[PDB]
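Both blocks below hold the same protein chain, though in two forms, and each is given as structure tokens: structure 1 and structure 2.
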Structure 1
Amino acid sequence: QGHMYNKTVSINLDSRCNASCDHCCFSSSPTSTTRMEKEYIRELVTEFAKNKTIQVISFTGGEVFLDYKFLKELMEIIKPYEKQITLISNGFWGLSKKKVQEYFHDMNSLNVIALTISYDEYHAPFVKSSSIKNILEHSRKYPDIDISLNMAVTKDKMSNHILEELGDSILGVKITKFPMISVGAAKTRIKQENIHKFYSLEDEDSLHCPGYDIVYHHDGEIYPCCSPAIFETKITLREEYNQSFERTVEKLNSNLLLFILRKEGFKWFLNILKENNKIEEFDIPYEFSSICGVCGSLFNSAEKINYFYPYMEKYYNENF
């Protein structure tokens, strides 16, 4: 009956990227300076590799293959401990058939179980279609590596032609088209009318958090999930510079707000706001692109989080 959320961890290596996507939740670019120091990352990876509960370590950015020597070094620290690795990339490195062969050999040797390639109309000005095809076609030689294609779309950029132009390189590839979260470059460079809004406050029984997944982010913070929407809230997991993963897990499992959110869903909070006529005061959007859209507006201020304190206190007293 122990702690949860300690089987996986993600590390965001850098905000620097070869691309400058108009939707990028991190506003990544070749001149982005936000990152944890390399030695600090080596210490985190070493701890995650030695950790008794972590099975999967995931890397993200930014573009993790941009400084491949560093990525390979981190994968090599993990190797003797035999933990599984997941990578996500824009596939710019697909331009070189030599880098494609070499990187797939490294990933297969370093227990990389999944590689996600992001490609769509927002990525297209920075990466050639043929680079994506080279990666997808070569991955057929590495069946143990699960390959996914993630396409970020809007009403004006649905990536219909992009997919058709990839031809048969996508056969056997898990494709997922998803809507934008209005965060980072998407807030200012994309018209809110082009972002799909599928969910509404009327879908109260369907409003449930997709799940917690710890992220040691490139801004030096630790977040409870991988959603772009979490950065705008006041829900963090870091209390000091030298923090162990055991402490990170302990803080997450003992967070009362995150416990009630998991057990009761967003309806518990929304129903308190409706009964107290504070939905408009809290600026809760009627419609949203994802469940995380409510999360942002419910907890984007210390006062909003503090509003729920007497109700959370009452809930703990009643059920504990």
Structure 2
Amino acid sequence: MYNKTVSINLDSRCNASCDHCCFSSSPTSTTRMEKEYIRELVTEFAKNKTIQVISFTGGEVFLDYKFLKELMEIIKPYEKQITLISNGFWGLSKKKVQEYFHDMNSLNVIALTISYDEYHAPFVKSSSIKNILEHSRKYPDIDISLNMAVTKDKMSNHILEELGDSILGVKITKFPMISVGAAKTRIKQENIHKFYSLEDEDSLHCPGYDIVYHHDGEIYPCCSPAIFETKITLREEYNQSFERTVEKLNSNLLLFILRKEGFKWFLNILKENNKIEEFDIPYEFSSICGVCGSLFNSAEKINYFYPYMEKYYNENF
């Protein structure tokens, strides 16, 4: 269970410095796993019989293209599928776009997501994005998507218009901000959309787990921006196998209760014990992950649930 896909966050370094960035990525970001350690991880994931998809994220994965192509080439003999996400800064040159698409097509890259919005706009020109989107027409086996992070004051309405006909046939999704990283301090909270509240608990369910080996050296149960500020980690030692990561994910009591009972199990404990204000749990949220982030972003918060999770285990199994 949860062992057919894995993600690696290659680095926190990025050419951009978006004001919403969950990692606060910038050209001077230093948080990353060693290159040799990542090589060993990719080699293991490629040799693993159950993994089908390996996803790469950052930071900006195309910043050190030589290392990315080297990692994709370790996977090549094993025939696993690859997904990539990028700010498309490399789209500036049609010749680079041609080179990278040719590489991606021969290295079993099945999906490429390009992020572009008013937060990315100061660092990447619209023309770079257009170049990538137009050339993708020649590679129908690569799934192309455009991810746009928006706020009430920065809805990216003019950005799509300026992309012109390059967006024809491309899946576009506009999404709200998770109040984590640079979004916590550089964006007014009144500009973040509020779709959920502590009251409509019936819809508070985690979308699912997806293992990520993050640039901070930890392992996370999902790839949501919110998880990275939590203390929920699947790593117990420096050299830990994927089998052990999956076994830890599948035997984690907190994640088991979260999957089976939903966020209402944790929220009702805090309401019953009058800890919503003490734990700084927000009243409204842009997404379900926003609740997740605030329930478990400290060791005190997680440890608070232990006697209740212990009682749950005894009662149910």
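Superpose the two forms; the largest set of C-alphas matching within 1.5 Å is the rigid core. Residue indices: 1-based, along structure 1.
Asks: If you line up the core, how far does the Cα of residue 276 move between structure 1 and structure 2, in Å?
Replies: A shift of 2.4 Å.
Asks: If the rigid core is lined up, how many Å does the C-alpha atom of residue 209 shift between structure 1 and structure 2?
Replies: That residue's C-alpha is offset by 0.8 Å.
Asks: How many angstrom apart are the two C-alpha positions of residue 233 between structure 1 and structure 2, if you fit on the rigid core?
Replies: Residue shift at the C-alpha: 1.4 Å.
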